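A lone chain, given as structure tokens: the form deposited without the named molecule.
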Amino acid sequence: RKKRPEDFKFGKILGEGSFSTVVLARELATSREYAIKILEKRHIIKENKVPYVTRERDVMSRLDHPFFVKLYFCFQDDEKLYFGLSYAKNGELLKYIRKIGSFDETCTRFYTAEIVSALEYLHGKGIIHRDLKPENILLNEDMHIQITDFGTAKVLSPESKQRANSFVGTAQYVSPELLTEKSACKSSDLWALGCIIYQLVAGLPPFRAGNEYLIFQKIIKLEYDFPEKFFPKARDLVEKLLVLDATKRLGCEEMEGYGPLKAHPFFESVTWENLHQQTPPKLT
């Protein structure tokens, strides 16, 4: 049959959006924990964004991978919509970056590789995330990544692939092409990847300033710098991702795809087929 709010005990808030919350929920019957995404219909109705919410729901129902959140169930209330998602016990990657300052090389390689492997799967389904960043990369009980927040995700097509883009994600991770021509492709997610790797090694994202206009100006100029203490092979990797021309980013279709990305020297040691079974290095 169907589930109702009364079937659950609602605990701590795991996430806070403007129009939404994610709450830790225990299903009383089974005692299984879920992260439940709760949407107020009022806001969705009022902004005429129903098609967008269904899009999120559908995109998520296509995900069956260890590195991605899973949609288990959906039910409905008088004033609220509920999505039951996998619960990532250890919270946001950002929390760990903040706690230890920056990742050592072992940890950088390991988590970058999970992210790259996650992206190859996602993109292989014609799906782009569009808001990739450390706060949307969670860690599960086993400290593997769980990529989440599919509210901005889009299914791509070859006609789509190339100037209508509706959504501009978080300023620090946005690619130049989203800003200037309102294009959004797989490559734009690869730009975000480069920002994230840089952030893991350096402790903070590459493009930084006192407001979003100033951050955008740095992005479109490619105005950023590596600190002296930056793993050389990660720097080469980052330099091959943070490239203004979207068709020249390591990993995009035009650069012969994921093969060359996974074959970058920073990933020499990585065994790509068994990642989700490896015990992750301790974060220190």
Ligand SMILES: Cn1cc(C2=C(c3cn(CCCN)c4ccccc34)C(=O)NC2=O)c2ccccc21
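Start at 1 and count along the sequence shown; that's the residue number.
Same protein, other form: the form solved in complex with the named molecule, not shown, and the subject of what follows.
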Practice task
Place the named molecule, as positioned in the bound PDB entry, onto this chain through superposition of its site C-alphas, and say whether the site is open or blocked according to the 2.4 Å backbone and C-beta criterion (3 or more atoms for blocked).
Solution key: blocked
Practice task
Using a 4.5 Å heavy atom cut-off, state whether residue 253 contacts the named molecule in the bound PDB entry.
Solution key: no
Exercise for the section: Consider residue 15 of the chain shown here, and say whether it contacts the named molecule in the bound PDB entry, taking contact as heavy atoms within 4.5 Å. Expected result: yes
Handout entry: residue 126 within 4.5 Å of the named molecule in the bound PDB entry, heavy atoms
Key = no
Practice task
With heavy atoms only and a cut-off of 4.5 Å, decide whether residue 22 touches the named molecule in the bound PDB entry.
Solution key: yes
Problem - Candidate stretches 176-184, 103-111, 148-156, 190-198 - the one whose heavy atoms come within 4.5 Å of the named molecule in the bound PDB entry - result: 148-156
Problem - Full three-residue contact with the named molecule in the bound PDB entry, heavy atom 4.5 Å, for 35, 56 and 88 - result: yes
Handout entry: Partner-contacting position among 241, 69, 234, 246 - heavy atom within 4.5 Å of the named molecule in the bound PDB entry
Key = 69
Exercise for the section: Check each residue of 135-151 against the named molecule in the bound PDB entry and list those with a heavy atom within 4.5 Å, in sequence order. Expected result: 135, 136, 138, 148, 149
